[PDB]
>>> print(open('entry.txt').read())   # compact mmCIF, N, CA, C and O atoms
# COMPACT_ATOMS: atom_id res chain seq x y z
N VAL A 1 109.74 89.97 73.38
CA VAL A 1 108.66 89.35 74.12
C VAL A 1 107.40 90.20 74.07
O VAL A 1 107.43 91.40 74.27
N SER A 2 106.28 89.56 73.82
CA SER A 2 105.02 90.27 73.75
C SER A 2 104.50 90.60 75.15
O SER A 2 104.97 90.06 76.16
N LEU A 3 103.48 91.46 75.20
CA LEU A 3 102.95 91.89 76.49
C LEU A 3 102.48 90.70 77.31
O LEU A 3 102.68 90.66 78.53
N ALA A 4 101.86 89.73 76.67
CA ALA A 4 101.33 88.58 77.38
C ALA A 4 102.43 87.76 78.04
O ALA A 4 102.15 87.02 78.98
N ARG A 5 103.65 87.82 77.50
CA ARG A 5 104.72 86.90 77.89
C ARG A 5 105.81 87.56 78.73
O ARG A 5 106.85 86.95 78.98
N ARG A 6 105.59 88.78 79.21
CA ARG A 6 106.53 89.44 80.10
C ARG A 6 106.65 88.67 81.41
O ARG A 6 105.73 87.96 81.81
N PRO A 7 107.76 88.86 82.13
CA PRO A 7 107.87 88.26 83.46
C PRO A 7 106.73 88.74 84.36
O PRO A 7 106.30 89.89 84.28
N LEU A 8 106.27 87.86 85.24
CA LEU A 8 105.25 88.25 86.21
C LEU A 8 105.89 89.04 87.36
O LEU A 8 107.04 88.82 87.72
N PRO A 9 105.12 89.94 87.99
CA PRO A 9 105.63 90.59 89.20
C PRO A 9 105.81 89.56 90.29
O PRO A 9 105.10 88.55 90.33
N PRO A 10 106.72 89.80 91.23
CA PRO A 10 106.78 88.93 92.41
C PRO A 10 105.49 89.06 93.19
O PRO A 10 104.84 90.10 93.16
N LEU A 11 105.15 88.00 93.91
CA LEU A 11 104.06 88.11 94.86
C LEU A 11 104.42 89.20 95.88
O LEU A 11 105.60 89.39 96.19
N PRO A 12 103.43 89.91 96.44
CA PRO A 12 103.75 90.98 97.39
C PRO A 12 104.43 90.51 98.67
O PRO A 12 104.21 89.38 99.10
N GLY B 83 77.43 79.55 81.52
CA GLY B 83 77.95 80.82 82.00
C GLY B 83 79.45 81.01 81.83
O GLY B 83 80.06 80.50 80.89
N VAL B 84 80.04 81.76 82.78
CA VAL B 84 81.42 82.21 82.67
C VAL B 84 82.12 82.12 84.02
O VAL B 84 81.49 82.00 85.07
N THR B 85 83.44 82.19 83.96
CA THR B 85 84.29 82.25 85.15
C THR B 85 84.95 83.62 85.22
O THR B 85 85.79 83.96 84.38
N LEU B 86 84.59 84.38 86.24
CA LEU B 86 85.25 85.65 86.53
C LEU B 86 86.47 85.38 87.42
O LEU B 86 86.60 84.31 88.02
N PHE B 87 87.35 86.38 87.48
CA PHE B 87 88.54 86.33 88.30
C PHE B 87 88.54 87.50 89.27
O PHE B 87 88.00 88.58 88.98
N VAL B 88 89.18 87.29 90.41
CA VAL B 88 89.21 88.25 91.50
C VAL B 88 90.66 88.59 91.83
O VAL B 88 91.49 87.68 91.96
N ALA B 89 90.94 89.87 92.03
CA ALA B 89 92.25 90.27 92.50
C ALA B 89 92.49 89.83 93.94
O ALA B 89 91.69 90.12 94.84
N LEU B 90 93.63 89.19 94.15
CA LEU B 90 94.05 88.76 95.48
C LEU B 90 94.84 89.83 96.21
O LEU B 90 94.91 89.81 97.46
N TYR B 91 95.49 90.73 95.48
CA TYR B 91 96.36 91.75 96.02
C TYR B 91 96.20 92.99 95.18
O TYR B 91 95.79 92.91 94.02
N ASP B 92 96.55 94.15 95.74
CA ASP B 92 96.63 95.38 94.98
C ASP B 92 97.78 95.29 93.96
O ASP B 92 98.79 94.62 94.20
N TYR B 93 97.66 96.05 92.87
CA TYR B 93 98.73 96.13 91.88
C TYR B 93 98.71 97.51 91.23
O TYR B 93 97.68 97.97 90.77
N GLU B 94 99.87 98.12 91.17
CA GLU B 94 100.08 99.41 90.52
C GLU B 94 100.80 99.16 89.19
O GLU B 94 101.96 98.75 89.16
N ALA B 95 100.12 99.45 88.10
CA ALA B 95 100.70 99.22 86.79
C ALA B 95 101.83 100.20 86.50
O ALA B 95 101.80 101.37 86.92
N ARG B 96 102.80 99.73 85.74
CA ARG B 96 103.91 100.57 85.31
C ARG B 96 103.77 101.05 83.87
O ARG B 96 104.51 101.94 83.46
N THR B 97 102.84 100.48 83.11
CA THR B 97 102.51 100.88 81.76
C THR B 97 101.00 100.90 81.63
O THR B 97 100.33 100.05 82.22
N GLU B 98 100.45 101.79 80.81
CA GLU B 98 99.02 101.86 80.57
C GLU B 98 98.47 100.64 79.84
O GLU B 98 97.25 100.45 79.82
N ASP B 99 99.34 99.78 79.30
CA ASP B 99 98.90 98.50 78.76
C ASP B 99 98.39 97.56 79.83
O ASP B 99 97.68 96.59 79.50
N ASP B 100 98.75 97.80 81.08
CA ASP B 100 98.38 96.99 82.21
C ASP B 100 97.36 97.74 83.07
O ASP B 100 97.45 98.96 83.23
N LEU B 101 96.44 97.00 83.67
CA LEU B 101 95.51 97.57 84.63
C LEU B 101 96.16 97.73 86.00
O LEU B 101 96.90 96.86 86.46
N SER B 102 95.84 98.83 86.67
CA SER B 102 96.02 98.94 88.10
C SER B 102 94.73 98.49 88.78
O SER B 102 93.64 98.74 88.26
N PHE B 103 94.85 97.85 89.94
CA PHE B 103 93.66 97.30 90.58
C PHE B 103 93.91 97.14 92.06
O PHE B 103 95.03 97.24 92.55
N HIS B 104 92.81 96.87 92.77
CA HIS B 104 92.84 96.66 94.20
C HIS B 104 92.24 95.30 94.54
O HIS B 104 91.41 94.76 93.81
N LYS B 105 92.69 94.76 95.68
CA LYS B 105 92.19 93.49 96.17
C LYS B 105 90.67 93.47 96.16
O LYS B 105 90.02 94.42 96.60
N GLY B 106 90.10 92.39 95.63
CA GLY B 106 88.67 92.20 95.57
C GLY B 106 88.02 92.64 94.27
O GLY B 106 86.85 92.32 94.02
N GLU B 107 88.75 93.38 93.43
CA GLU B 107 88.28 93.74 92.09
C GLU B 107 87.98 92.47 91.29
O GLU B 107 88.66 91.46 91.43
N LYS B 108 86.95 92.54 90.45
CA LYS B 108 86.58 91.42 89.60
C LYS B 108 86.81 91.77 88.13
O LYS B 108 86.59 92.90 87.68
N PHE B 109 87.18 90.74 87.38
CA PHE B 109 87.53 90.86 85.98
C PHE B 109 86.86 89.79 85.14
O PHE B 109 86.70 88.65 85.56
N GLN B 110 86.53 90.18 83.91
CA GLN B 110 86.24 89.28 82.80
C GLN B 110 87.51 89.09 81.98
O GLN B 110 88.24 90.03 81.72
N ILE B 111 87.75 87.86 81.57
CA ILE B 111 88.91 87.57 80.73
C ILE B 111 88.57 87.86 79.27
O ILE B 111 87.54 87.42 78.76
N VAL B 112 89.44 88.60 78.60
CA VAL B 112 89.40 88.76 77.15
C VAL B 112 90.28 87.72 76.47
O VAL B 112 89.85 87.06 75.53
N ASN B 113 91.53 87.55 76.93
CA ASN B 113 92.41 86.52 76.39
C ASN B 113 93.35 86.04 77.49
O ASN B 113 94.07 86.85 78.08
N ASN B 114 93.36 84.72 77.71
CA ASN B 114 94.23 84.09 78.69
C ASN B 114 95.13 83.02 78.10
O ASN B 114 95.74 82.24 78.84
N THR B 115 95.24 82.97 76.78
CA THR B 115 95.94 81.89 76.12
C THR B 115 97.32 82.27 75.60
O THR B 115 98.11 81.37 75.30
N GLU B 116 97.64 83.57 75.51
CA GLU B 116 98.88 83.99 74.90
C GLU B 116 100.07 84.01 75.86
O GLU B 116 101.21 84.03 75.40
N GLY B 117 99.85 84.01 77.16
CA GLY B 117 100.94 84.02 78.11
C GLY B 117 100.44 84.22 79.53
O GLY B 117 99.25 84.15 79.80
N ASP B 118 101.43 84.47 80.41
CA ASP B 118 101.26 84.62 81.86
C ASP B 118 100.49 85.89 82.24
O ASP B 118 99.93 85.97 83.35
N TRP B 119 100.53 86.92 81.40
CA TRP B 119 99.70 88.11 81.58
C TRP B 119 98.46 87.92 80.71
O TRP B 119 98.55 87.49 79.56
N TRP B 120 97.30 88.21 81.28
CA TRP B 120 96.01 87.97 80.67
C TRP B 120 95.36 89.29 80.33
O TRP B 120 95.33 90.21 81.14
N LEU B 121 94.82 89.40 79.12
CA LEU B 121 94.07 90.60 78.77
C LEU B 121 92.68 90.49 79.41
O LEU B 121 92.00 89.47 79.23
N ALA B 122 92.29 91.51 80.17
CA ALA B 122 91.11 91.44 81.02
C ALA B 122 90.37 92.77 81.01
O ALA B 122 90.91 93.82 80.66
N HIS B 123 89.12 92.71 81.44
CA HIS B 123 88.26 93.86 81.59
C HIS B 123 87.82 93.96 83.04
O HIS B 123 87.23 93.01 83.59
N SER B 124 88.11 95.09 83.67
CA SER B 124 87.69 95.31 85.03
C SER B 124 86.22 95.71 85.10
O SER B 124 85.80 96.69 84.47
N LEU B 125 85.46 95.00 85.93
CA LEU B 125 84.07 95.35 86.17
C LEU B 125 83.90 96.57 87.06
O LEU B 125 82.77 97.05 87.24
N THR B 126 85.00 97.09 87.62
CA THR B 126 84.98 98.28 88.47
C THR B 126 85.25 99.54 87.67
O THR B 126 84.54 100.54 87.82
N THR B 127 86.27 99.53 86.81
CA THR B 127 86.63 100.72 86.06
C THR B 127 86.13 100.72 84.63
O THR B 127 86.14 101.77 83.98
N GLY B 128 85.70 99.56 84.12
CA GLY B 128 85.37 99.40 82.72
C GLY B 128 86.56 99.38 81.78
O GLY B 128 86.37 99.30 80.56
N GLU B 129 87.77 99.43 82.31
CA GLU B 129 88.99 99.48 81.52
C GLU B 129 89.41 98.08 81.09
O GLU B 129 89.09 97.08 81.76
N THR B 130 90.15 98.02 79.99
CA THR B 130 90.71 96.79 79.48
C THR B 130 92.22 96.93 79.46
O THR B 130 92.76 98.00 79.17
N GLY B 131 92.89 95.86 79.86
CA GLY B 131 94.33 95.84 79.85
C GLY B 131 94.82 94.53 80.42
O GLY B 131 94.03 93.68 80.84
N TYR B 132 96.13 94.37 80.46
CA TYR B 132 96.70 93.14 80.96
C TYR B 132 96.71 93.13 82.48
O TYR B 132 96.93 94.16 83.13
N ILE B 133 96.56 91.93 83.03
CA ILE B 133 96.70 91.67 84.45
C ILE B 133 97.65 90.49 84.63
O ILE B 133 97.68 89.55 83.82
N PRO B 134 98.43 90.49 85.73
CA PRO B 134 99.33 89.39 85.97
C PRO B 134 98.55 88.23 86.58
O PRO B 134 97.88 88.39 87.60
N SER B 135 98.65 87.05 85.97
CA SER B 135 97.79 85.94 86.36
C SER B 135 98.05 85.46 87.78
O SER B 135 97.16 84.87 88.39
N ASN B 136 99.24 85.70 88.33
CA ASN B 136 99.53 85.30 89.70
C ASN B 136 98.91 86.23 90.74
O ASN B 136 99.05 85.95 91.93
N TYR B 137 98.24 87.29 90.32
CA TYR B 137 97.57 88.22 91.23
C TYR B 137 96.07 87.99 91.31
O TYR B 137 95.40 88.74 92.04
N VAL B 138 95.54 86.99 90.61
CA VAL B 138 94.10 86.74 90.57
C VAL B 138 93.83 85.28 90.82
O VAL B 138 94.70 84.42 90.72
N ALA B 139 92.57 84.99 91.13
CA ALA B 139 92.08 83.63 91.29
C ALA B 139 90.67 83.56 90.73
O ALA B 139 89.93 84.56 90.74
N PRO B 140 90.26 82.39 90.24
CA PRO B 140 88.91 82.26 89.70
C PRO B 140 87.92 82.34 90.83
O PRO B 140 88.16 81.85 91.94
N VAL B 141 86.75 82.88 90.53
CA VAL B 141 85.65 82.76 91.48
C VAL B 141 85.42 81.29 91.80
O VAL B 141 85.32 80.44 90.90
N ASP B 142 85.33 80.96 93.09
CA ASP B 142 84.98 79.59 93.49
C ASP B 142 84.21 79.54 94.79
O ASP B 142 83.91 80.57 95.40
>>> encode(input="entry.txt", output="structure tokens")
Amino acid sequence: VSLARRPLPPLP
Amino acid sequence: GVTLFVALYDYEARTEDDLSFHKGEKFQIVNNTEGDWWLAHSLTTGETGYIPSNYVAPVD
């Protein structure tokens, strides 16, 4: 997976 | 003109490929088409790196 397509962090 | 984005929350990057930022920081988008993380330029630090799209909102 490329940098753009990594999982997003959870909302805080 | 253009649409800038604003940080909604603080974020501490885990890799130097990503920007660390604080709530209220403003960004110019470099690339937002390749995925959920957007390549951006911070108007505060002058740095370029990825930001998580769920941590920002467009100026409105």
>>> closest_atom_pairs(input="entry.txt", of="chain A", to="chain B", cutoff="7 Å", atoms="only C-alpha atoms", output="Markdown table")
| residue | atom | partner | partner_atom | distance |
| --- | --- | --- | --- | --- |
| A:4 | CA | B:119 | CA | 4.5 |
| A:5 | CA | B:117 | CA | 4.8 |
| A:8 | CA | B:134 | CA | 6.0 |
>>> residues_near_point(input="entry.txt", point="(104.9, 95.4, 87.7)", cutoff="7 Å", atoms="all atoms listed in the file", output="list in words")
residues 7, 8, 9 and 10 of chain A; 94, 95 and 96 of chain B
>>> atom_distance(input="entry.txt", atom1="CA of residue 98 in chain B", atom2="atom C of residue 3 in chain A")
12.1 Å
>>> decode(input="entry.txt", residues="chain A", atoms="N, CA and C atoms", output="tab-separated table (two decimals), in the first residue's frame")
chain	number	residue	atom	x	y	z
A	1	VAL	N	0.82	-1.19	0.00
A	1	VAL	CA	0.00	0.00	0.00
A	1	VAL	C	0.86	1.26	0.00
A	2	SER	N	0.52	2.21	-0.84
A	2	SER	CA	1.26	3.44	-0.93
A	2	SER	C	0.91	4.37	0.24
A	3	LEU	N	1.72	5.43	0.40
A	3	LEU	CA	1.52	6.34	1.51
A	3	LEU	C	0.12	6.93	1.48
A	4	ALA	N	-0.38	7.26	0.30
A	4	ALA	CA	-1.68	7.88	0.19
A	4	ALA	C	-2.80	6.97	0.65
A	5	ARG	N	-2.58	5.64	0.60
A	5	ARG	CA	-3.65	4.67	0.79
A	5	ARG	C	-3.56	3.92	2.12
A	6	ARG	N	-2.71	4.37	3.04
A	6	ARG	CA	-2.63	3.78	4.36
A	6	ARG	C	-3.94	3.99	5.12
A	7	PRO	N	-4.21	3.16	6.12
A	7	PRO	CA	-5.38	3.39	6.97
A	7	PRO	C	-5.31	4.78	7.61
A	8	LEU	N	-6.46	5.41	7.78
A	8	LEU	CA	-6.51	6.69	8.47
A	8	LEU	C	-6.42	6.48	9.99
A	9	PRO	N	-5.88	7.47	10.72
A	9	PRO	CA	-5.93	7.38	12.18
A	9	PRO	C	-7.38	7.45	12.64
A	10	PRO	N	-7.68	6.87	13.80
A	10	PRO	CA	-9.02	7.09	14.37
A	10	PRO	C	-9.18	8.56	14.70
A	11	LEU	N	-10.43	9.01	14.70
A	11	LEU	CA	-10.70	10.33	15.22
A	11	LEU	C	-10.28	10.38	16.68
A	12	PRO	N	-9.85	11.53	17.20
A	12	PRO	CA	-9.39	11.59	18.59
A	12	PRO	C	-10.47	11.28	19.62
